[PDB]
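We've got the same protein chain twice here, in two forms, each standing alone as structure tokens: structure 1 and structure 2.
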Structure 1
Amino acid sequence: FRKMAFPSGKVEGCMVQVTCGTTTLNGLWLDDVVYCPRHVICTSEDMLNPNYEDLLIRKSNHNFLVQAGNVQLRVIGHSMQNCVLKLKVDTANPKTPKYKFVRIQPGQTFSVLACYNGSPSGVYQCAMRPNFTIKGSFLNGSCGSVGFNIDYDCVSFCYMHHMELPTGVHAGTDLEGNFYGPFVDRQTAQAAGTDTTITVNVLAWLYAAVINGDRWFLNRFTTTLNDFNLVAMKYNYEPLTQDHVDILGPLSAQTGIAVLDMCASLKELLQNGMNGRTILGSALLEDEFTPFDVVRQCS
């Protein structure tokens, strides 16, 4: 199993750069609007303690340089929505894909198109951790890079990059400018909480192992969701939601193994360990492949 990203071309066609003064970051150009992190309106010194409403009221359309490559896009309107700036421009992006804005849950994976000065550099797959960070790969100038899924021809944008934390993980917002997790777009000390294991993805991984003929760990028992959740938390595993049970449905049907039976097999792995064995070649349980990732790759 590879970390496998979505093809990035539909998103590459939407990347621009946005500059205010000497502060340059990336923006997303969809129809006649450009979306970008609002901290572009900050001097580096403003970032220590910004008042965004006051900083913005002093700005006009003509203070915003938006460029697709070297080509200027004239800004004709601006507004702030939570931590994102929306810049209306006088040109509709001819490469706009079918798209939507979605807010994802922890455990969901998405592709990130890392960009610098509006120019794509790389694409990779990330999982939103339960502590609402991602283990990204971002350097200076990467803010406004976006994360996305593609379902058919529709691009679902779920992430816009804002921050690198002390442990080296990353934080950002949805495309409505609402941060994932407790973070704020201020240059003040912040830290990720203690992370936990994404149970629904581990279960997806066990289903993947069964699909591939690796099933020593299937035990004879079952459990209730509540009992499993109370046990899992003792191992620093996330509790399951009803939505988690539901998105495991197709893998449960494919294998004939009820979700709660798989939960009992995982409970025994937690309480007794691997005892020297492996699953899909690994003594470690993988938690960054969703049920959909498992189907995408076994498909």
Structure 2
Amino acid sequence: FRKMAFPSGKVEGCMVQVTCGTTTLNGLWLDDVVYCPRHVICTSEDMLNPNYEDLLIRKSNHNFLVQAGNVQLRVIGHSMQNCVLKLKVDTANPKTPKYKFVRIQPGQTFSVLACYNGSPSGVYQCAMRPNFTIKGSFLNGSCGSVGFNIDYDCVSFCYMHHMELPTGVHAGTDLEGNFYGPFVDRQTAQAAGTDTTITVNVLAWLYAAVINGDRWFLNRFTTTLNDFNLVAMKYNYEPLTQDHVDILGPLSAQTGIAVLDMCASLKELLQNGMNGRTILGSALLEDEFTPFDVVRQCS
């Protein structure tokens, strides 16, 4: 049982390079539109307190250099939507996959295709944390890299990368340019607030551990939803709801372990730690696998 990303080929064919002045970052080319972070128009001496409307007024279509491999694309229109720029180009991407834009919920996962200069470097799996940050791996030049899910043949884009927070975690927008969380695109230290653990995902992962033979943490206790949550609150775990219980139903069925029994085991793990033991090769409780992720990987 592994942290697995979606195959990235459909997205690789959409990445381009966008340059305004000496600033370069990544854009996403779908149909005849290229989407990228609006701070591509900033110089280094703009990023502390940018007035994006005023900065963009000085820019014309020909100030945006868009490159797909050896080919320069011709920009024929531009507009700003929230924190993203949309550059209309004279060529529809022949590699455009079936796609949609979605705004994902906290607790859900997605794959990131980290890119530099329009070129894919690697792919990994992330969760949108309750506090609307992600724990990525991003360097200068990585903005405009995107997060996505694949649903059959269809790519659902849910994230575009914009910035780092003081804790080393990351923040960005949906593909309409609206940040996840309270963040703004300027070069200041910003607060994400308490991060809470995604309880339903921890339980999914404990189920995955059982499926994979690792079963030492199970016990002879059970609990109630209200009583577990008294312990969840204590550890900054999200409260568990009945909807979560029913989402875990299939995993509970495949293992024959009642959800509230697994909850009792989680309580003991939370209160007693792992006593140097491990679960699926980890000495920490993992919360970046959804139930759907766990079902996907054990089928």
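The first residue in the sequence of structure 1 is number 1, and each one after it adds one. If you superpose the two forms and keep the largest set of C-alpha atoms that fall within 1.5 Å, you have the rigid core.
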**Q.** residue 275 grouped with residue 152 as one rigid part between structures 1 and 2
**A.** no
(Q) Going by C-alpha fits of the two rigid parts, what is the rotation of the smaller one between structures 1 and 2, in degrees? (A) 22
Q: Could you tell me how many Å the Cα atom of residue 95 shifts between structures 1 and 2 when the rigid core is held superposed?
A: 0.2
**Q.** Angstrom shift of the Cα atom of residue 239 between structures 1 and 2 (superposition on rigid core)
**A.** 2.9
Q: After aligning on the rigid core, report the distance the C-alpha of residue 225 travels between structures 1 and 2, in angstrom.
A: 6.1
